[PDB]
Every structure is written in structure tokens, then in C-alpha cells.
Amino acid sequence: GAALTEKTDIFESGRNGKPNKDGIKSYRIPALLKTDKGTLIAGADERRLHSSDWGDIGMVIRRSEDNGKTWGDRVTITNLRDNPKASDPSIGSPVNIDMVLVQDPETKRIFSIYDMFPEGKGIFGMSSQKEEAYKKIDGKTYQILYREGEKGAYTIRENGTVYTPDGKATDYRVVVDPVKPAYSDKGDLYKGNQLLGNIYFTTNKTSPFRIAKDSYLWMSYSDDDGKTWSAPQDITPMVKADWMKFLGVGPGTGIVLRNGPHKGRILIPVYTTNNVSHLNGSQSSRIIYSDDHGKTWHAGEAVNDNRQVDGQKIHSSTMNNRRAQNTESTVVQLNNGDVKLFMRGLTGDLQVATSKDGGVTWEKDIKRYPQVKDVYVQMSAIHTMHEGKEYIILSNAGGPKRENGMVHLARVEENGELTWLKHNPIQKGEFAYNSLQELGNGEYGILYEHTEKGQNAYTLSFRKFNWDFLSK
């Protein structure tokens, strides 16, 4: 008997192009996480001014201590302050966008990894020319600041003190230890005790310094079941290669590997572009990972690294092949130790990559499943055991557009092949991003993007699952 709850709204978009009660026009990019304590953390983009992938965006969560009925109030993880002098407020703020949640099972620490850009249009406003973002000086890596009319790289060193290109301390300093709510002060630029501006501002600046215009990866963590969160840490220099243009998360929920020689590794879906073809032919999925409980991070190789396409090998740093792209992804570990990566792409059906070494490298062939539609939108997938049998549940739009959210059920064969045991609809109308979690006791939950009644894209809602609804 399909025991599906009714659409329960977690983040409420405005209506008919108008702000909602709190002044927030739009919400997007769901992430759903069940912690050890049992609580559910629903995370999202709080897009205050419009639905687009830039602007004034906060990383926020709400928690439910009762498995999905009472969702508490908003906790803001990060929300950088807007440029008060921007001529166009809609592109007038440093950007945070797209989250992945995961928890370490030993330390219980919870992680939010999300994109950051300086002021502008984010992934759609990236420059054609590289600016160096970091400099290693006597074994230490520092973030670079550029000053108008000077070519050299200033650096942000100890306690935020700004140093000249030649290595001499100055009177300028950056707030590297933010203290205000939502860490709205991160990046503020002081001269002495006087606030001048912010290193993330790119127009009508009131201070002399800015970071490189580039794509960055930030992380925040909570040690009290997601009630309070650390200041953001810039993990970009640990994982971003010198050729990468864009580097960002596949939004959703990561995993911790539960078996095999790499047990305890945290996996975070990400994807890159290169400077050869950027968003037109190089978007490429991979993971980043931590083996030390989130203290340090490393990049896996891309699925597209040394992949054969139409008889010729490509590489994510050099490819120019619109159809060979794979972008946002969701990652699952099997019981045979294998890692499966389900990747948004442009074949029309579901693409899946397999790694035998814990997500670092990927096997030759991308498996395509026409049994599952992919209309080129984010998806989520989780592992679950039922009656001693191993399964995967994957949720995404059924089509033809971002509409008709379906839930697809597969049995995991011994050798890791997937057998799709039919697909049951879960939401009609508009259906876009989504995030699944196993709730335990034969149950499943989902936080997803959906609109009706002229709601602004999107309102994020929660439904519930029973094992019987999945099958038949």
C-alpha cells in the first residue's frame, strides 16, 4: 500500500514574481541529510532577488527532529554581504551557490560544501583569461589580491595581514575570521581599524583590493547536529588544478564509504570546465574526497580523463565534445566495494560511471540506461538494503521537460550491474532538483524542487516513502 505523504513545503518561494513573507523571491538546490541523532537537515539556496544562478544567495538549512513533520526555523550557514555600491543589485553580490551535505560517521561532524564566486554572475560570468588566485611562498599558500593599476600579486597572510608583491607587510588586513551572523563580514578590507570595502567586490569598489575573478569551493561544518556552523574554509587550493576554469559541486548529498580498503572516505560530487570549450564542451564529473575526516581534500580523476569517445581519447582539461559531457552527479557505493556515479548529461537517458578504487579513477565505459530518462537536470540516488537484497533508488524528472518526478528502482547484481525494476511517479507538474535519504525502518524521504499556483521557481517540498510504494 503506497504510503506517500502529501507535499510538505520546507522553503517557500514567493508568488507571481514577488517576494515571499521574508522578502525571499526564490529557493533552489535541495540537499537532505539524516544525521546520527536521527534529525533531518534540509539545505537550500536562499535566492533573495530572483531565481537565477547568481546574486544575493545564502546557504541555509532547516531541521526536523521528528523525521519530517516539524521543520524548525532557518539556520543561515553563510551569506556574504552585498556590494552596497553595485549599480545592478541583481548581480551585485559575492555569490555562494549549490550545496552538498554529508556527515562523518566517526566524529559526527557535518559538512556543507558549496560554490563561491566574487561579485557578478557566477558560472555565467567567468572571464576568458585566467587570473592566478593563490601563491606559495616558502611552503605556505596564500590567497592573492590584485590592486588596480598594479600587475603584482599581493598576498593575504597571517591574521589577514596584506603583504605587497615584494613581501613587505602593509597596514591593510582582511577579515579572515568572520564574527557577524552568517559571516557576512568575511572578506572585509580594513586599513588599520577602518573598514574600506570587501575583497569580494568587483565593481564601484571602495577599497583597493580584490581576489582573482575565478571559481572557488568553500566548506562549513557543524558539530552540534547542524544548529551552529563554522566560518567558511576555502578548500579550493587543495583540489583545483591550474587548468580548471569552473570547479563546483554536484548539489545534493555526499556519502561516506562504508566498506572496502577505503572505508571512511568522504565523497563529494563535483564537475569542472576547461578553458578550451568551457560550458559548451568540457563539463566533466568527478569526485573530491577526504580520508582524514574532512580535514584535507583531494581531487579524484575525471570520468572523462583518458576516456575513449568515437575512437579517440579525450581528457577533461582539453575536451571539446558537447555530447561527451557529464556534469552534476550523485554517488553511491555498492557492497562489492564499487562506487557508482550517476551523471547529468545530454544523451537523453541515464549515464553511470564505475570506480573500483574508491572514486579516484573510473572504468573505461559509461553505461547508458534507456529505462531511465535524463532530461538534463540534477538527480539523486542512494543505497539501501531490503530483505537481505541490495538496491538503489534514484529520483529525477520523468520528462519530457523538468516535470513528472519519478522514482526509479534498481536491483544491484553481484557484479555491480543494474537491473531496473520499474518506475513509479511521485510528483506531477514541474520537478527539477531532488535529494533522497533513507529514513530507516523500510522508509525513504525526499526534498525536491516544485512549483504550482504561480509559485516562483522553486518551492522546496518533502514527501515520504515506503518500501511498497517503490515496487509495483
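For every residue, the number given is its place in the sequence shown, counted from 1.
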Could you settle it for me: does 276 to 284 or 188 to 196 have the higher average Cα B factor in the PDB entry? 188 to 196
Mean Cα B factor from the PDB record: higher for 230 to 238, or higher for 370 to 378? 370 to 378
Per the deposited B-factor column, the C-alpha that peaks among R322, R402, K356, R307 belongs to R402
At the C-alpha atoms, which of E390, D166, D292, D115 reaches the highest B-factor in this entry? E390
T330's Cα B-factor: lowest, middle or highest third of the chain? middle
Split the chain's modelled residues into thirds by Cα B-factor; is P84 in the lowest, middle or highest one? middle
Among the modelled residues of its chain, does the C-alpha B-factor of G248 lie in the lowest, middle or highest third? lowest
Sorting by Cα B-factor within the chain, modelled residues only, which third would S90 end up in: lowest, middle or highest? middle
By the record's CA B-factor, is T318 among the lowest, middle or highest third of residues in the chain? lowest
